[PDB]
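The data below hold one chain only, encoded as structure tokens and taken in the form deposited in one PDB entry.
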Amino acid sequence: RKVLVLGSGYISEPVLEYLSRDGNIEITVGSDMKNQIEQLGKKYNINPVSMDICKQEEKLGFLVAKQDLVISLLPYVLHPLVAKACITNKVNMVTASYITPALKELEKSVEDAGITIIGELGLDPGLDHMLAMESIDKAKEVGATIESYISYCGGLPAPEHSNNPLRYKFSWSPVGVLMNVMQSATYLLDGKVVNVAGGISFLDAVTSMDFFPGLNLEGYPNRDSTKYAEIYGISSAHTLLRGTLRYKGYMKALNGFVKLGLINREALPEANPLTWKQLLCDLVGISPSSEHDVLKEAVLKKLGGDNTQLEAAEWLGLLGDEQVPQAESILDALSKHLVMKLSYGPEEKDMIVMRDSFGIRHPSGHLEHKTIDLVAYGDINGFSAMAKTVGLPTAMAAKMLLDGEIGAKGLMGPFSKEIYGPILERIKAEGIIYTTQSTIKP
């Protein structure tokens, strides 16, 4: 009855709250942030420990050995360090984010030690694996095969808080999501691989998502959907598509930022602090002076008179005299400013929407078109929908390892019925409900 929660804040809160319900468990918390762990310590009964994972690797080995399970809530590049500690000692692990290629190399060492390491847990990845494999196993139970798998997911504000230029509010730093617009998107469609161009042209791949008539959604494909054939075992499927959901207008606003030259990792531009008007004067290539003059330069650069994108930049204060935050690049400076202007206030709900669609060919010959809807809202005096959907699957999988319900050993995701069955059942009690519907087509 003892666990180490590496990392703190936001994702940790529901993990600590869920584990501390029974009482018979000692929560230890390791963290780099000094102020955050102190604030987290006030809410939940824990043992505060301050440590860097890379620098203080010696004390990690001794601390990890004292526990029954390590819950890593750190960035996914640092999992080889925590896995290196966990394989040496006799101790299990659970991971929120992806299982990287670096962590996949340890699978030989992990199985030899006789321990269980569960990765790919949370919303996405996580619940996407669980809902997919539930349906895929149900199809295999009756001899049926998967012909198509389309799955869209999105974390976004509740409709009442969608009235801004991006129709969005940021939970954490947008450096990743902004850079994903520059990245490509590969997916399979009707036995043909479709590569989509990132950057300026990525707006052309955006489509209207009309599965909820009342909800004004757009969609676009993720970075790589072809990998799910090997993961789920559905290489016979002619269509594999995975995408992200936003409200309509989001990608067009980011397309504005791409035109202006804001989405890049170049450094910032003598004896006076750099304001946003002065930075945009640099990009459009004029002297730092006159606000009505840069308006003419910016609107000219943002296509043939795109007033919507001009107003989006005006609303956020990109043409104003506010100071540019100190940062390593222009993209990092933009990200800090967007976090400042578009964040969730204390009484503002977020939303998690997730929509799957399966084409299932039965042995009879007919095609079942199965759909899954998962929609959750944040609680006012409680956890956000993002925190619950990311936190609870990792927290529940952790409790299942301590109780001794998961008998399997080695490195793995939540793909087996042993893992996904109990989790999907238990998240219903926490207010994460998913419905199902299917129709037959002869």
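For clarity, a rigid core is taken as the largest C-alpha set superposing within 1.5 Å between two forms. For every residue, the number given is its place in the sequence shown, counted from 1.
What follows is about the form deposited in another entry, which we do not show.
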Which of the listed residues (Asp112, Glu160, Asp190, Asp321) moves its Cα by 2 Å or more between this form and the one not shown when the core is kept in place? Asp321
Using the rigid core as the reference frame, would you say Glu297 shifts its C-alpha by 2 Å or more between this form and the one not shown? yes
How about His129 - superposed on the rigid core, does its CA move between this form and the one not shown by 2 Å or more? no
Is it true that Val284 shifts between this form and the one not shown by 2 Å or more at the Cα, once the core is aligned? yes
